[PDB]
Structures are given as structure tokens and as C-alpha cells.
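Results of the structural survey
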2 protein chains.
Amino acid sequence: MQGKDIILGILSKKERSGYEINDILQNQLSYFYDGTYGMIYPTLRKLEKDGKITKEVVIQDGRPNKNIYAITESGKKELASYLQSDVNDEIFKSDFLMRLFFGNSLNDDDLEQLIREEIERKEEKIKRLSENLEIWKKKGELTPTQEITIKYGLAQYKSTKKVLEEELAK
Amino acid sequence: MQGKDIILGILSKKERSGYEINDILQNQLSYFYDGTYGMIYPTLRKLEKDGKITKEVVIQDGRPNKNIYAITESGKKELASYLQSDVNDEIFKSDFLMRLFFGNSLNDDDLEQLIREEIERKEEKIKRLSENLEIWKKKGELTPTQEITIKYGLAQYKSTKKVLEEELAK
């Protein structure tokens, strides 16, 4: 699963500025796509080169330039093809879990802190996903399949947060 | 978190053959590190080049060469530094969720199919992780922090499986 595919997805229904695409990817869709920093800009560049999207540079007095991206016919074709494709294995790499797995030396304080910091991360993600669920629902935009993904995401966050809470409780 | 960090983790305690490192990576640690295949061999080459591990080629009559890898002092230092570093954000990319999120066109059949297949994938991951838990425990090799990671992994698989089962039930 590539950044290019989720970006075409984001651009399927609307022309969007880079700001808006980044907002969607970082703040809305991160419960199912959270990769490495700085994927978006090189990937937008390649999608443009490959003719899957267009880029418009909007100039305004006294403001930074704004880039507006729009899917092309070929881009829509590529998205449609991708959604017809066999599902790829999920990718999951948890640094937190790695630290605990290889955490023989961790003293009690260091371990306790790692657990608390991860609990806070889960709380932040739950809050954000919960807030988007509410807004999407309020706006009448949430589709039934989207609803499933949110229920899935929340369950994921809450179940693992609970494990850590239960650990801290002893 | 990079492939090189987990491989150093694997090599911290024991010298291991490439076969064994791969077995650990693919069949033991996949619950917190499941990335794009084809990482291990290029990563071992780079680690050796950078002096963080050694490679020993054991030649035997009538068998393929066996490669044995061992962490070096500089390697141990690199691992120590890594484990002291701030925890990185988890990477999580679900093609399954992406399909449902952008799955406006899915007919009831194709949707149900995707869900059933994702349930199966989760059942398998649960089996593998549960199996390793029991083995490690009986062997006396399961550390307290490792057990936390396993409980965390199982909760994540079971809670999301549960959401999908309840969806199919409706």
C-alpha cells in the first residue's frame, strides 16, 4: 500500500490545496494511514509527473503561494484499478512495543514512563478520531463503510490503551 | 524505527545465522514489526559494512553456505543509543481500512468478502502470537515487558476482529 494510492483517494472527489491534503492525511486519515514524515510532497511531485494529478500554483499578494491539486482522468482510472486490486497485507511497526520487547535493562521508572507516554498517544488519537467521527456525522458525510473503519480504529486504540492501563494498575 | 534497529536487537544476546534472524523477524516479531519484505538481507549487508555486526560464512560439504552474524562493540553501542532515544510514532497502514474508507462503490458482496478475509487474517495473527506466547512462557524465556507487548498485540487483534464480526452479524 503506497502513499500515491491514498492521495489519489483524497483527490477523488475534490480539488485540494497541499495544505488541505496534508490536513486530511495527518489529522483525518491517520487512524489507517500513518507513515513516515515527508511522504506527501515527493509523492505529489511524482503523481504530477506521471499525469495522474495536475498542480496549480495560486499567487496572492502578501501571502505564500498555494498549490492546488486536481485528479486527472488517468488518475481516476488508477484509483479505480487500485480499488479493484487484491488487498495488501497491513503494515505495522511499533517502536513502543519494540522498546518493551528489547527492554531487559529498562528500570521501573523508565518503563512506567514509556507506558504513560504511549497511553497519552492513544488518548490523543482516540480524541482526534472521535472528533472527526462526530463532525463527519453532523455533516451527513459519513458513509456506512467509513463508519465501520472508525469503529475498528477506536476499538484498536481503546483495547491497547486498556492493556497498558491494566498494567499500570498492576 | 528502522530495520537495522530491530536486527541489532535480535543480535544483542546471541550470534545467529541468517536463517534464524529471518525466522525470528518473520515468525516471532511480526506482531510489532511487519514491514515490506526484502528488508533483512540488504540491512545485514549495510550493518556489516558500517561495522555494527560481523558476518561469518560457514562452509560445509554438500550443504549451502550458512551465514552467521554477530553484534560488534560498536553495534552494541548503536543499539544502546537507539533504546535510549525518544520513542517514534507507530507506523500503521491498513489497505483493508483504506478500501472501506474509499469504498463508496462496493456492492454488498464485495464488502462482505473484504470483511471476511480481514477476519481470517486476524484469526491467523492471533494464532501465531498466542502460540509464541505459550512456547516462550513454558520455556521460561518470556520477560515481563515482552508479556506486556503480547497482551497489547492480542487485544488489538481481538478487538478489531470483534468489530468486524459484529458488523457481519447485523
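Definitions and cut-offs
- Residues numbered from 1 in each chain as written, not as in the entry; some residues may be left out.
- Chains lettered and ligands numbered in written order.
- Heavy atoms only, no water.
- Residues with missing side-chain atoms left out of burial classes, pairs and counts.
- Core = buried A, V, L, I, M, F, W, Y, C linked by side-chain atoms within 4.5 Å.
- Buried < 20%, exposed > 50% of the residue type's maximum accessible area, 1.4 Å probe, protein only.
- Contact = heavy atoms within 4.5 Å.
- Patch = residues over 30% accessible without salt bridge, like charges linked within 9 Å, V, L, I, M, F, W, Y side chains within 5 Å.
- Areas by Shrake-Rupley, 256 points an atom, 1.4 Å probe, with all protein chains shown as cover.
- Salt bridge = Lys/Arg side-chain N within 4 Å of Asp/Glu carboxyl O.
- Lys, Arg positive; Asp, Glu negative; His and termini not counted.
- Charge placed at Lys NZ, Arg CZ, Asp CG, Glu CD.
- Helix = DSSP H or I, 4+ residues; strand = E, 2+ residues; numbered from the N terminus.
- Axes fitted to C-alpha atoms, helices over the stretch in contact; angles between N-to-C directions.
- Parallel < 35°, antiparallel > 145°, perpendicular 65-115°, else oblique.
- Left-handed = near helix turned anticlockwise from the far one by under 90°.
- Nonpolar A, V, L, I, M, F, W, Y, C, P; charged D, E, K, R; others polar.
- Pairing = 2+ DSSP bridges.
- Domains from an automatic or database assignment.
- Buried area = accessible area lost by both parts, 1.4 Å probe.
- Polar contact = N/O pair within 3.5 Å; in protein donor to acceptor, adjacent residues only side chain to side chain.
- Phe/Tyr/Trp six-rings, centres within 6.5 Å; stacked < 30°, edge-to-face > 60°.
- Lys NZ or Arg CZ within 6 Å of the ring centre and 35° of its normal.

- Its PDB header names X-ray crystallography as the technique used to obtain the model and reports a resolution of 1.800 Å.

1. Comments concerning the nonpolar core
- In terms of nonpolar packing, the biggest core is built from 93 residues, with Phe32 and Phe96 of chain A together with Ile6 and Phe32 of chain B touching the most fellow members.
- Those residues in contact with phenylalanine 32 of chain A that lie beyond four places of it in its chain are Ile6 of chain A together with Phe92, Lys93, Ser94, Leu97, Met98, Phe101 and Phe102 of chain B.

2. Considerations on a negative patch on the surface
- Residues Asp86 of chain A together with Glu117, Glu120 and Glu123 of chain B make up a contiguous surface patch of negative charge.
- As for its placement among the helices and strands, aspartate 86 of chain A is situated in the loop between α4 (73-84) and β5 (91-93).
- With a relative accessible area of 68%, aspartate 86 of chain A lands in the exposed category.

3. A word on the packing of helix α6 (residues 108-139) of chain B against helix α7 (residues 144-169) of chain B
Residue and element names in this part refer to chain B.
- It is at 9 Å that the axes of α6 and α7 come closest, and there the two elements cross at 155°. Relative to α7, α6 is oriented roughly antiparallel. Between α6 and α7 the crossing geometry is left-handed.
- Residues that form the contact of α6 with α7 fall into these classes: 11 nonpolar, 3 polar and 12 charged.

4. A closer look at the sheet that holds strand β2 (residues 33-34) of chain A
- Read from one edge to the other, the open sheet built from 4 strands follows the order β2(A)-β5(B)-β5(A)-β2(B), with strand pairing classed as antiparallel. Each edge of the sheet is formed by a strand with only one pairing partner; in this case those strands are β2 of chain A together with β2 (33-34) of chain B.
- Pairing between β2 of chain A and strand β5 (residues 91-93) of chain B: 2 bridges, direction antiparallel. Bridging from a neighbouring strand, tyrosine 33 of chain A pairs with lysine 93 of chain B of β5 of chain B.

5. What to know about unusual backbone geometry
- Even without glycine at this site, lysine 170 of chain A takes up a positive phi of about 95°.
- For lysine 170 of chain A, the position within the fold is in the segment after α7 (144-168).

6. Observations regarding the pairing of strand β4 (residues 66-71) of chain A
- Note that strand β1 (residues 16-17) of chain A and β4 of chain A share 2 bridges and pair antiparallel. In the strand pairing of β4 of chain A, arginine 16 of chain A is matched with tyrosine 69 of chain A.

7. Here we look at the sheet that holds β1 of chain A
Residue and element names in this part refer to chain A.
- One open sheet holds the 3 strands; their spatial order is β1-β4-β3, and the pairing between them is antiparallel. Bordering the open sheet on either side are β1 and β3 (53-58), each of which pairs with just one other strand.
- In the sheet, β3 pairs with β4 via 6 bridges, with the strands oriented antiparallel. Across the sheet, residue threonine 54 finds its bridge partner in β4, namely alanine 70.

8. A closer look at the domain arrangement of chain A
All names here are of chain A.
- For chain A, the domain assignment lists domain 1 (1-89) and domain 2 (90-170).
- Averaged C-alpha coordinates put domain 1 and domain 2 at centres separated by 26 Å.
- Residue-level contacts link 7 residues of domain 1 with 11 residues of domain 2.
- For domain 1, the biggest contributors to the area lost against domain 2 are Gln28, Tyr31 and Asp89; these three give 67% of the whole.
- Scanning the region where domain 1 abuts domain 2 turns up 0 salt bridges.
- At the boundary of domain 1 with domain 2, the tally comes to 5 residue pairs in polar contact.
- Residue classes in the side of domain 1 that touches domain 2 are distributed as 1 nonpolar, 5 polar and 1 charged.

9. Some details on the packing of aromatic side chains
- As enumerated under the stated definition, the model contains 12 aromatic pairs over all chains in all.
- Between the aromatic rings of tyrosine 31 of chain A and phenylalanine 32 of chain A, the centroid separation amounts to 5.0 Å while the plane-to-plane angle is 85°, which identifies the pairing as edge-to-face.
- Overall, the relative accessible area of 2% leaves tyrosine 31 of chain A in the buried class.
- For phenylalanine 32 of chain A, a relative accessible area of 0% gives the class buried.
- With a centroid separation of 5.3 Å and 40° between ring planes, the pair formed by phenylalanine 101 of chain A and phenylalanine 32 of chain B is classed as tilted. Remark: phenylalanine 32 of chain B occurs in the loop between α2 (18-27) and β2 and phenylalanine 101 of chain A occurs in helix α5 (residues 95-101); the pair is interchain, linking two chains. Both residues of the pair, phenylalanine 101 of chain A and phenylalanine 32 of chain B, count as buried.
- What links up through ring pairs into an aromatic cluster is the set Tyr31, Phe32 and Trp136 of chain A together with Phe101 and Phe102 of chain B.
- Stacked on the ring of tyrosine 82 of chain B, the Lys or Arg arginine 99 of chain A has its end atom at 4.5 Å from the ring centre.

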